[PDB]
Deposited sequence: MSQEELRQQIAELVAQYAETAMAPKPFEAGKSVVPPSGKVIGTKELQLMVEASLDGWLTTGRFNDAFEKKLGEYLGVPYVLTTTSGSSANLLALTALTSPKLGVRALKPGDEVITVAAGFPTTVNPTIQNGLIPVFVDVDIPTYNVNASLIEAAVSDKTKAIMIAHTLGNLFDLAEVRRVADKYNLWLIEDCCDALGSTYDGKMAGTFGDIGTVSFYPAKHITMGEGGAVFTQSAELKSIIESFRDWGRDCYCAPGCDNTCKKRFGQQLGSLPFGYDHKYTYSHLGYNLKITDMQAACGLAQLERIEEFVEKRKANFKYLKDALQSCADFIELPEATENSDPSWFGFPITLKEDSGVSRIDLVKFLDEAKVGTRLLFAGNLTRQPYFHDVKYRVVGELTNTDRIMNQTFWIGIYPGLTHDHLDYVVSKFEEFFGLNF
């Protein structure tokens, strides 16, 4: 009678969701236009109940299904789930320190090339593994690494490049891969805000050795808290897994014969696994990713077209050459000769119920926790500093309707006095 009880519960929740998770009609001056948010329906809540009923708890039925369907969407054979994007970035960079990679293994002291205009945990794992971060400037209005500056940052200590596809926009993969392959550097693609982004027709994350993604509520799809590491190399997939799972194996050491393999450890590991409840949510969301990716590209096009009327005061976002960005948010840099400060605009928008966000750390090297970190900067961080000082982004996620954006646009116009 269980199979029944399930399907009956599946109904009771489906009708609970249609009432709860229902889109509220937009209302200027009352409704908010957040920079991001999750979009969950019946399928999400249903599967989470299914997982709750299973009583299994740790990863299993749903986690297998999720890692599989996500591997399909991405076009990669190996996908490992983890606690968050940050955790995924950590596993990705840590995995390359495995002595199983012989001479290719990252060692304390080695250098990782990246940029300072990003999210802290894109860089932290490098520091947390005793490596030295080496920064170069980014470009505006793509808000991604200025590829041309990469080559000069390469020294004999350089072992890898780890940068994110900022806000869904892709970086110059053509130039990055060129510099990577030339010097035999590892490459890690932080796609935490770029699920669905393509470059030269190929899905983001599948160009380098390892790719990461996040399932925090603000990203493309969510599990509440969750993330994933994916690769095409079986060797890396096994190393990542070991690090995630207490560092356990699957010879060295002097353990007695017959010692349980389960309790044999080959790596300096962590326990960064998730539950099947989180997996379920993720699984339902995967049924909406294609839609989500399309609505983001649309909202971006619409919004930008409309906002072109303020081009004298703000610089609008531009997708990177030869790429089709699955926009995470809408970045805007306010001109210095506009007569007002970012604070003014943000505060104005805030009062208008229009949410905004700065570009994460702005300039990592100027963040307080970077006070005593050992790092190198090649060239100047002019654009990064400009980002920290003048840049901010707004919302184009699936939860925003054309009426939402129209409102945001009129506010920008009202602000700059363009409605007169």
What ranges of the deposited sequence are left out of this structure? 1, 252-267
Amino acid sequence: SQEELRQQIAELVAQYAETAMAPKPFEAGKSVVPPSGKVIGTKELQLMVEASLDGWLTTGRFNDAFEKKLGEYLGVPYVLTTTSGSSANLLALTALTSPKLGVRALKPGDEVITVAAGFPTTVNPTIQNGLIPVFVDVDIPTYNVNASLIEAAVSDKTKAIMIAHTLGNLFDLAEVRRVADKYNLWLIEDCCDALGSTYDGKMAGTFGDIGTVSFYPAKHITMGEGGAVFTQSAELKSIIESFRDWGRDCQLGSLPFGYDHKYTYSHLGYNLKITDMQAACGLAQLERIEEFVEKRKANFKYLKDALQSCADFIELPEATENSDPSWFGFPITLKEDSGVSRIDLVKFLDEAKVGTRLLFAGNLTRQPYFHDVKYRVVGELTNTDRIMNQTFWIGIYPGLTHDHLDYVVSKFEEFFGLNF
From here on, numbers count along this sequence of modelled residues.
Per the entry, higher mean C-alpha B factor between 209-217 and 340-348: 340-348
Which of the two stretches, 175-183 or 277-285, shows the higher mean Cα temperature factor in the record? 175-183
Given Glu294, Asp245, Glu225, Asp190, identify the residue with the highest C-alpha B factor in the PDB entry. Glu294
Out of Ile150, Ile240, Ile163, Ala194, which shows the largest CA B-factor listed in the entry? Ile150
Sorting by Cα B-factor within the chain, modelled residues only, which third would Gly362 end up in: lowest, middle or highest? lowest
Which third, lowest, middle or highest, does the CA B-factor of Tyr369 fall in along this chain? lowest
With respect to C-alpha B-factor, does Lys202 fall in the lowest, middle or highest third of the chain as deposited? highest
Split the chain's modelled residues into thirds by Cα B-factor; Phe66 lands in the middle
Name the third of the chain's ranked CA B-factors that contains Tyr375, choosing lowest, middle or highest. middle
